[PDB]
Amino acid sequence: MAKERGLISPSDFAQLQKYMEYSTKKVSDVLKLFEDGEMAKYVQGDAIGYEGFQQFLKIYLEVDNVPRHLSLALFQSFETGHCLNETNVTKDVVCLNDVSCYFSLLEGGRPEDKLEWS
């Protein structure tokens, strides 16, 4: 596992790290929450918006308030929804499976199928 190529500094990883360090929950646990759970009230099919994502960090880190700073670097990590012929970047959703993968690395690393940005 010799990847890496410049990602969220040790500042964001530290926060989330130190955060999950004390926590023992699972991303797959919160995932279902947003799937069938109540958190699914702010999910658009298989993609969730930015705001709705906030709740994730809430339950995820079981925090009572997550920093927008990290939330910003959080979304930047993984996104989706663009076009080289459209000036409407409204209601931006993101794949959970994608975030679930990235996050899976934090806790450890659960492979299954890597993506490709050809």
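Residues numbered from 1 in each chain as written, not as in the entry; some residues may be left out. Heavy atoms only, no water.

- This entry lists solution NMR as its structure determination method.

**Quick word on the side chain of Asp12**
- Mapped onto the fold, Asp12 is located in helix α1 (residues 10–22).
- Summary of buried charges: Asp12 has no salt-bridge partner, and the nearest side chain of opposite charge, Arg68, is 13 Å away.
- Sequence-distant contacts of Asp12, defined by excluding residues within four places in its chain, comprise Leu70, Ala73 and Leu74. (Helix = DSSP H or I, 4+ residues; strand = E, 2+ residues; numbered from the N terminus. Buried < 20%, exposed > 50% of the residue type's maximum accessible area, 1.4 Å probe, protein only. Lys, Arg positive; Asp, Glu negative; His and termini not counted. Salt bridge = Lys/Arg side-chain N within 4 Å of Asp/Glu carboxyl O. Contact = heavy atoms within 4.5 Å.)

**Here we look at empty space enclosed by the protein**
- Evaluation of the coordinates by the stated rule reveals 1 cavity of 30 Å³ or more.
- Taken as a whole, the largest cavity spans an internal volume of roughly 30 Å³.
- Every residue along the wall of the largest cavity is listed here: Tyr50, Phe53, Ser71, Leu74 and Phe75.
- Those elements that provide at least two residues to the lining of the largest cavity are α3 (50–60) and α4 (68–77).
- Broken down by element, the lining of the largest cavity gets its largest block of residues, 3 residues, from α4.
- In the lining of the largest cavity, the residues fall into 4 nonpolar, 1 polar and no charged. (1 Å grid on protein atoms, 1.4 Å probe; cavity = no way out; pocket = protein on both sides within 12 Å on 5 of 7 lines; lining within 4 Å. Points joined across faces, edges and corners; volume = space filled by probe spheres on them. Nonpolar A, V, L, I, M, F, W, Y, C, P; charged D, E, K, R; others polar.)

**Describing the packing of aromatic side chains**
- Applying the stated rule across the entire model yields 8 aromatic pairs.
- Consider the rings of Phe53 and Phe56, whose centres lie 5.5 Å apart with planes at 15 degrees: the pair is stacked. Here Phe56 and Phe53 lie together in helix α3, a separation of 3 residues that amounts to about one turn. The pair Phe53 / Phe56 is uniform in exposure class, with both members buried.
- By the ring-pair criterion, three or more aromatic residues cluster together here, those being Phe34, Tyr50, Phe53, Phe56, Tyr60, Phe75 and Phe103. (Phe/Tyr/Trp six-rings, centres within 6.5 Å; stacked < 30°, edge-to-face > 60°.)

**Things to note about the environment of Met20**
- With respect to the element layout, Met20 can be found in helix α1.
- Here the alpha-carbon distance between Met20 and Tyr60, two residues 40 residues apart in the chain, equals 8.4 Å.
- When sequence neighbours within four positions are dropped, the list of residues in contact with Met20 reads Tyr60, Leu106 and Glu107.

**Observations regarding the sheet that holds strand β2 (residues 47–48)**
- Strand order in the open sheet made by the 3 strands is β1-β2-β3, with antiparallel pairing throughout. Across the chains shown, the open sheet's two edge strands, defined by having one partner strand only, are β1 (43–44) and β3 (94–95).
- Pairing of β2 with β3 involves 2 bridges; the strand directions are antiparallel. Paired with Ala47 across the strands is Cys95, a residue of β3. (Pairing = 2+ DSSP bridges.)

**Looking at the layout of surface pockets**
- Its volume calculated, the largest pocket comes out at about 1600 Å³.
- Surrounding the largest pocket, 34 residues form its lining, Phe78, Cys101, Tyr102, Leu105 and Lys114 being those nearest its centre.
- At the level of elements, α2 (27–35) and α5 (96–107) are the ones that each hand at least two residues to the lining of the largest pocket.
- In terms of residues, the lining of the largest pocket owes the most to one element, α5, which gives 9 residues.

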